[PDB]
Amino acid sequence: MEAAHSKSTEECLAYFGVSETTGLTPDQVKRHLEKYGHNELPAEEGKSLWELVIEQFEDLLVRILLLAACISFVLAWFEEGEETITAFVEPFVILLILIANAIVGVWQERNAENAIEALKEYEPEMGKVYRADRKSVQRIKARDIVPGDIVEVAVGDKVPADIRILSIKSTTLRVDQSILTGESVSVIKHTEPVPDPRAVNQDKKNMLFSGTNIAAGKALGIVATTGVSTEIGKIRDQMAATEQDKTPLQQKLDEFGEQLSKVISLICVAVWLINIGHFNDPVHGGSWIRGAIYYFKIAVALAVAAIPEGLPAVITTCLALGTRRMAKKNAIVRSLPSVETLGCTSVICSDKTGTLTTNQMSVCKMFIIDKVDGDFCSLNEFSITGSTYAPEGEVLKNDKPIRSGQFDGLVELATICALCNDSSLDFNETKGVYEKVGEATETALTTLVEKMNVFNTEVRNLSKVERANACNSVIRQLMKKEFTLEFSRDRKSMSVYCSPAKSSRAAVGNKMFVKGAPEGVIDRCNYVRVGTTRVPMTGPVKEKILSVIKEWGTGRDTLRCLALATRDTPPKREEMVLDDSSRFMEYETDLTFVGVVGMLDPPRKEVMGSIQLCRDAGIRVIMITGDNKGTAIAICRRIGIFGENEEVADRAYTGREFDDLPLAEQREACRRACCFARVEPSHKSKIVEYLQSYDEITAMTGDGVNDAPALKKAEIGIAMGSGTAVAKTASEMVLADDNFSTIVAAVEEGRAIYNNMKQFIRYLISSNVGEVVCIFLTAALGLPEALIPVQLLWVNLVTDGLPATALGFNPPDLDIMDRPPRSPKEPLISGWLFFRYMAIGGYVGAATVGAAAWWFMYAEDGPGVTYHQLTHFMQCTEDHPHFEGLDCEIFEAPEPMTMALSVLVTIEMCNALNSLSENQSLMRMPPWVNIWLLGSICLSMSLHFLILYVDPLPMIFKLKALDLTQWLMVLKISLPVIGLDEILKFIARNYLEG
Ligand code: NA
């Protein structure tokens, strides 16, 4: 039964065939449980460790590597020798990286925590129900409650289900519906039915929501809905039904996996199509098996030299590093893949109160009527200084400090601001500053009366903690607070019934002090007060009031106006039903307008600036606020979202206006809007969908499970640090300070970080190019392998990893924020860039094989056989080219490999310097620009040597220390890699910039 709030308490009992005095019967319980199921949100997929481990092998590149370990394993088995201490190293090393890879992946999952499982935090274990099979109340597990159950809740209880309140046993019932919104301000529930069947939760004043808490009172009610049919349950379904796509980088990286694979295969087929000459060879003779071991040997190397094995670690270390860096700037990112996303943010939808504004209220002005006399009318406008909650400030008329007590209208004005208020003050000695107790807008009033002191009461004597509520405590003693009629959006005001203090046997003298939004309150006034006198409200004097109100809340003041009035002749205390809020507007009528107070909720000092950075960065800003349309726009012009004098007729909507627009038109309104005022529950989410249909990377703020759906949908869900824990777990980032600027600062941090990733990404991949050139080269030239898997891996994970990581510290461009949001579609490498790395590739691959050949030829230590070409044979089954000589295993000399490897390592350290800037020369941007890079190179070289002398290692890799001549050769063949790219960059700068 979903519409319970709109039905009568009787209808809800009838509907379920249950008696309030006895409850459900064991039969009914059985059937109700059978039909609606247990009261609890469904479980999450029990992702088993085993399945989780298997997932660590879903990727295509890992399969290849796994496959490669397989061929490696067999090769290191179907081989004939004795060196079993350096034969299985390769296969075992591959398997071992896949293990750490799988091990790491599973570590994440165990620590990761989704928002749906966060919602189960709000469901209580037990509930208290009344069921026929017993007399007294009985407590059962909340999962056993069912729709129709008669339940019982009391102060402190966590509501077990969505409940239609039948009877309030205590004086009044109060609920903390905080988890839905965040504003712990308890609200008063009733039992009368709410008419509108489509009323949003905030107005279902006769309902209790599963997950909320009783702040005060005791109540009996009937269960309307349970499980996923409750409010939070329907919020759990929206979230679950929401799939968050892969980040631009993740998609672009996954696409790379496909191509890289399609290349690794084509290069293998390519190595085949080249030796097709073997078909034309006599079947007899030649070790066929030695022909297959040859291919599979290169297949392994080919694949291992194609995969950027260390890319994942480098990306992570960079993202992890940047994140701590963002956290120092108040941005707490929960998702590493988000850091990249944040950079492409094209639209930021932010709540105003507390994020764009400080949510530190303060009354700045107030006006009462000076005099009425026919068509002539004059008001008395005042100003108040001080903007803290502290009672320090002053009132001034035309800047001249006046004294409140000298004006009667201000005496009463103050009486209303004090008596018609549920908030107070308190001096926090610990912090040394006065803090608010209750609501912001109301404490602003408690503070106001203190600076006003309409009774010139001696307060300067009083301490500090005592000074807090001095003038208030005074006004209170003057009036007894019989009771108070709560605020409700229908009427938009609240009142308090007060009687005099010094009264024994009297039946006259009572008063009602009304407070609320101007339009409604003023429309119910037939009287305007002029000091102590009272005169009728007339057409003109009403314009003046409304006129000013409009000037204060719409003008450069952007003030929230509150009208204050009192009902002189309030209906008799007995003729009033304090049970039907529906009767409150009636009870608050035929009032007398006293005055108005305009309060300000100030823009964070850093917002004005931050909004400009966005404009520079092509990032749109949409303010979502609760202010009426007029003041919403006013505040927009004030912070820079709107031009002070520009048209916005079609860029600011109220939830109402928006709803009326037909689907097609809303989608439109969202592409050009910057202001949404009085937004409905389903709007942040609908605003996010529309924004995505235009491919906008969207950021959306929020808190409370209310916003969790929108948070989850938006690409960058942003939660307040002070927000609920569900809003947090449902978001990409959390604002430690709740400040809008923290968002912008983080978006700029994401642009810096993504630029630096493009660098180490291209660096590493480009490096794999030279490797596949080397391997493919050595093959299509029948040369002795220049480099081997065990080695290639060390370079891709260690040698190249250190530089790649240091590249993330590359200093950011000054124009980082003066350029528009990066397009999600923008490819990493393309066009000229491809040619560049393709060339840089060729050279690196050529240079490695050549460094090997140089030793095998124009070198001493090795055969001086120039143009001898080992291409010819490698079986030595004839030993023709070397008649006189019993030697053929020099083809495996450790020197040639060592020459090529030192070339790779040294060339790549030089390429780490060519990566300091995409197109700027080393002349313009020096190497020392990034000190971390230098350090990394020294470290990587020290490691290279490390494997060259520490015995266990030089054998594992099959290397031998180089001669100063040989090393001096590596430098000669490496160093030129710089001029090469320097030449390529030059071309890019001078013949492409258009
Ligand atoms: Na999200």
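Test of understanding: among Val726, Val734, which residue is under 18 Å from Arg325 (Cβ atoms) and either out of contact with any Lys or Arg (no Cβ under 9 Å at 6 or more places or on another chain) or part of a strand (DSSP E or B) (or both)? Let's see the steps before the verdict.
On the way: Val726 fails: under 18 Å from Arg325 (Cβ atoms).
When all the criteria are applied, what remains is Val734.
Please state which of the following conditions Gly539 fails to meet, knowing it meets all the rest: (1) on the phi < 0 side of the Ramachandran plot; (2) among the small types (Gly, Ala, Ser); (3) touching a residue at least 12 places away in the same chain (Cβ under 8 Å).
(3)
Keeping to the range 106-123, report how many residues are under 15 Å from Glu40 (Cβ atoms) and buried (at least 17 other Cβ atoms within 10 Å of the Cβ). Can you show your working first?
Step one: filter the range 106-123 for residues under 15 Å from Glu40 (Cβ atoms), giving 116-123.
If we keep only those that are buried (at least 17 other Cβ atoms within 10 Å of the Cβ) as well, we get 116, 118-119, 122-123.
Here the count works out to 5.
Take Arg671 and tell me if it is touching a helix residue (DSSP H, G or I) at 6+ places or on another chain (Cβ under 9 Å) and over 28 Å from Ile332 (Cα atoms). Before you say what the answer is, go through the steps one by one.
Details: touching a helix residue (DSSP H, G or I) at 6+ places or on another chain (Cβ under 9 Å): yes; over 28 Å from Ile332 (Cα atoms): yes.
Here the answer is yes, as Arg671 does meet what is asked.
Could you tell me whether any residue of the range 743-752 is in contact with an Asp or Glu (Cβ under 7 Å, 6 or more places away or on another chain), in a helix (DSSP H, G or I), within 14 Å of the ligand (Cβ to nearest atom) and of a type outside the set (A, V, I, L, M)?
Checking the range 743-752: not a single residue is in contact with an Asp or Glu (Cβ under 7 Å, 6 or more places away or on another chain), in a helix (DSSP H, G or I), within 14 Å of the ligand (Cβ to nearest atom) and of a type outside the set (A, V, I, L, M).
Counting just the residues of the range 453-469 that are surrounded by fewer than 13 Cβ atoms within 10 Å (Cβ to Cβ) and basic (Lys, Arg), which one comes out farthest from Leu413 (Cα to Cα)? Before the answer, list the steps.
Taking the range 453-469 first, the residues surrounded by fewer than 13 Cβ atoms within 10 Å (Cβ to Cβ) are 456, 458, 460-464, 466.
Next cut, basic (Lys, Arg) only: 460, 464.
On the way: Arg460: 23, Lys464: 25 Å.
The residue in question is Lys464.
Suppose we keep only residues that are over 27 Å from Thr631 (Cα atoms), assigned to a loop (DSSP other than H, G, I, E, B) and not polar (S, T, N, Q) within the range 674-713. Which one would you say is nearest to the ligand (Cβ to nearest atom)?
So, considering only residues that are over 27 Å from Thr631 (Cα atoms), assigned to a loop (DSSP other than H, G, I, E, B) and not polar (S, T, N, Q), the one nearest to the ligand (Cβ to nearest atom) is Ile697.
How many of the residues in the range 421-452 are outside any loop (DSSP other than H, G, I, E, B) and of a type in the set (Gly, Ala, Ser)? Working first, answer last.
The first filter runs over the range 421-452 and keeps only residues outside any loop (DSSP other than H, G, I, E, B), leaving 424-428, 433-437, 440-452.
Restricting the remaining residues to those that are of a type in the set (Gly, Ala, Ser) gives 424, 440, 444.
Qualifying residue count, the range 421-452: 3.
Consider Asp659 carefully, then state whether it is without any contact (Cβ under 8 Å) to a residue 24 or more places away in the chain, assigned to a helix (DSSP H, G or I) and within 13 Å of the ligand (Cβ to nearest atom).
Numbers: without any contact (Cβ under 8 Å) to a residue 24 or more places away in the chain: yes; assigned to a helix (DSSP H, G or I): yes; within 13 Å of the ligand (Cβ to nearest atom): no.
In short, no.
Considering only the range 12-80, give the helices (runs of 4 or more DSSP H) lying wholly within it that have at least 1 residues that are surrounded by 16 or more Cβ atoms within 10 Å (Cβ to Cβ), of a type in the set (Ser, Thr, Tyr) and in contact (Cβ under 8 Å) with a residue 60 or more places away in the chain.
Values: elements: 26-36, 49-55, 60-75.
Here the list reads 26-36, 60-75.
Mind telling me which of the residues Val798, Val844 ends up being surrounded by fewer than 20 Cβ atoms within 10 Å (Cβ to Cβ) and of a type in the set (A, V, I, L, M)?
Details: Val844 fails: surrounded by fewer than 20 Cβ atoms within 10 Å (Cβ to Cβ).
Going through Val798, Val844 in turn, the sole match is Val798.
Take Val200 and decide whether it is crowded, with 16+ Cβ neighbours inside 10 Å and within 22 Å of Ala730 (Cβ to Cβ). Steps first, please.
Details: crowded, with 16+ Cβ neighbours inside 10 Å: no; within 22 Å of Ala730 (Cβ to Cβ): yes.
It is false that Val200 is crowded, with 16+ Cβ neighbours inside 10 Å and within 22 Å of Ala730 (Cβ to Cβ).
Go through the range 806-835 and count every residue that is surrounded by 21 or more Cβ atoms within 10 Å (Cβ to Cβ) and in a helix (DSSP H, G or I).
The total comes to 2.
Restricting attention to the range 743-766, does a residue exist that is crowded, with 23+ Cβ neighbours inside 10 Å and over 30 Å from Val929 (Cα atoms)?
Scanning the range 743-766, I find no residue that is crowded, with 23+ Cβ neighbours inside 10 Å and over 30 Å from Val929 (Cα atoms), so the answer is no.
Return yes or no: is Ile145 under 25 Å from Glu20 (Cα atoms) and of a type in the set (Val, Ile, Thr)?
Answer is yes for this residue.
Please count how many residues of the range 579-614 are more than 28 Å from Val747 (Cβ to Cβ) and not aromatic (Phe, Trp, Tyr).
Initial filter on the range 579-614 (more than 28 Å from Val747 (Cβ to Cβ)): 579-600.
Okay, now just the ones that are also not aromatic (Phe, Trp, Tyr), so 579-583, 585-586, 588-592, 594-600.
Qualifying residue count for the region: 19.
Counting only residues that are assigned to a loop (DSSP other than H, G, I, E, B) and in contact with a strand residue (DSSP E or B) (Cβ under 8 Å, 6 or more places away or on another chain), which one in the range 714-723 is farthest from the ligand (Cβ to nearest atom)? Outline the logic, then answer.
Step one: of the range 714-723, the residues assigned to a loop (DSSP other than H, G, I, E, B) are 714-715, 721-723.
Checking which are in contact with a strand residue (DSSP E or B) (Cβ under 8 Å, 6 or more places away or on another chain) leaves us with 714-715, 721, 723.
Values: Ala714: 5, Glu715: 6, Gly721: 17, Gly723: 14 Å.
By that ranking, first place goes to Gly721.
Please determine, by comparing only the residues of the range 463-492 that are without any contact (Cβ under 8 Å) to a residue 24 or more places away in the chain and in a helix (DSSP H, G or I), which one is nearest to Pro195 (Cα to Cα).
Ranking the qualifying residues of the range 463-492, first place goes to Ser473.
Here is a yes/no grid of residues against (1) closer than 18 Å to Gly386 by Cα; (2) among the acidic types (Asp, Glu); (3) under 35 Å from the mean Cα position of the chain (by Cα):
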| site | (1), (2), (3) |
| --- | --- |
| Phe427 | yes, no, no |
| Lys431 | no, no, yes |
| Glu450 | yes, yes, no |
| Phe455 | no, no, no |
| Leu462 | no, no, no |
| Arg467 | yes, no, no |
| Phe483 | no, no, no |
| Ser495 | no, no, no |
| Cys498 | no, no, no |
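If I filter the range 729-742 for residues that are within 11 Å of the ligand (Cβ to nearest atom) and under 30 Å from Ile829 (Cα atoms), do I get at least one hit?
Scanning the range 729-742 turns up at least one residue that is within 11 Å of the ligand (Cβ to nearest atom) and under 30 Å from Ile829 (Cα atoms).
Give the range 241-278 a look and list any residue that's of a type in the set (D, E, K, R), more than 30 Å from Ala710 (Cβ to Cβ) and without any contact (Cβ under 8 Å) to a residue 60 or more places away in the chain, or say none.
Kept after step one, since they are of a type in the set (D, E, K, R), are these residues of the range 241-278: 243, 245-246, 252, 254-255, 258, 262.
Subset that is more than 30 Å from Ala710 (Cβ to Cβ): 258, 262.
The answer is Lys262, and nothing else.
What are the residues in the range 195-236 that are without any contact (Cβ under 8 Å) to a residue 60 or more places away in the chain and farther than 28 Å from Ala43 by Cβ, if any?
Of everything in the range 195-236, just one residue is without any contact (Cβ under 8 Å) to a residue 60 or more places away in the chain and farther than 28 Å from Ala43 by Cβ, namely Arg198.
Here are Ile179, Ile214, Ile222, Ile235: which of them is within 16 Å of the ligand (Cβ to nearest atom), surrounded by 21 or more Cβ atoms within 10 Å (Cβ to Cβ), of a type in the set (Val, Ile, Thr) and within 24 Å of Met126 (Cα to Cα)? Spell out the reasoning first.
Values: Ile179 fails: within 16 Å of the ligand (Cβ to nearest atom); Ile214 fails: within 16 Å of the ligand (Cβ to nearest atom); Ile222 fails: within 16 Å of the ligand (Cβ to nearest atom).
Checking each option against the conditions leaves just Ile235.
Check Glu183 against each of (1) over 25 Å from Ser423 (Cβ atoms); (2) without any contact (Cβ under 8 Å) to a residue 40 or more places away in the chain; (3) within 27 Å of the chain's Cα centre (by Cα) and name the one condition it does not meet.
If we test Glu183 against (1) over 25 Å from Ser423 (Cβ atoms); (2) without any contact (Cβ under 8 Å) to a residue 40 or more places away in the chain; (3) within 27 Å of the chain's Cα centre (by Cα), just (1) comes out false.
Please state which of the following conditions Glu243 fails to meet, knowing it meets all the rest: (1) in a loop (DSSP other than H, G, I, E, B); (2) in contact with a strand residue (DSSP E or B) (Cβ under 7 Å, 6 or more places away or on another chain); (3) farther than 30 Å from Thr631 by Cβ.
Checking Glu243 against (1) in a loop (DSSP other than H, G, I, E, B); (2) in contact with a strand residue (DSSP E or B) (Cβ under 7 Å, 6 or more places away or on another chain); (3) farther than 30 Å from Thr631 by Cβ, the one that fails is (2).
State whether the residues of the range 761-771 include one that is in a helix (DSSP H, G or I), among the β-branched types (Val, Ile, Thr) and either within 23 Å of the chain's Cα centre (by Cα) or within 16 Å of the ligand (Cβ to nearest atom) (or both). Walk me through it before giving the result.
Our first condition is that a residue be in a helix (DSSP H, G or I); within the range 761-771, this holds for 761-771.
With the extra rule that they be among the β-branched types (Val, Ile, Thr), the set shrinks to 761, 765, 769.
Going one step further and asking which of them are either within 23 Å of the chain's Cα centre (by Cα) or within 16 Å of the ligand (Cβ to nearest atom) (or both), we end up with none.
No, every residue in the range 761-771 fails to be in a helix (DSSP H, G or I), among the β-branched types (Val, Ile, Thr) and either within 23 Å of the chain's Cα centre (by Cα) or within 16 Å of the ligand (Cβ to nearest atom) (or both).
Given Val159, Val187, which one is surrounded by fewer than 22 Cβ atoms within 10 Å (Cβ to Cβ) and hydrophobic (A, V, I, L, M, F, W, C)?
Numbers: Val159 fails: surrounded by fewer than 22 Cβ atoms within 10 Å (Cβ to Cβ).
Just a single option satisfies the conditions, and that option is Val187.
Bear in mind that the values in this text are calculations on the coordinates, not laboratory data. Cβ sites come from the backbone with ideal geometry, for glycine too, and all protein chains shown count toward neighbours.
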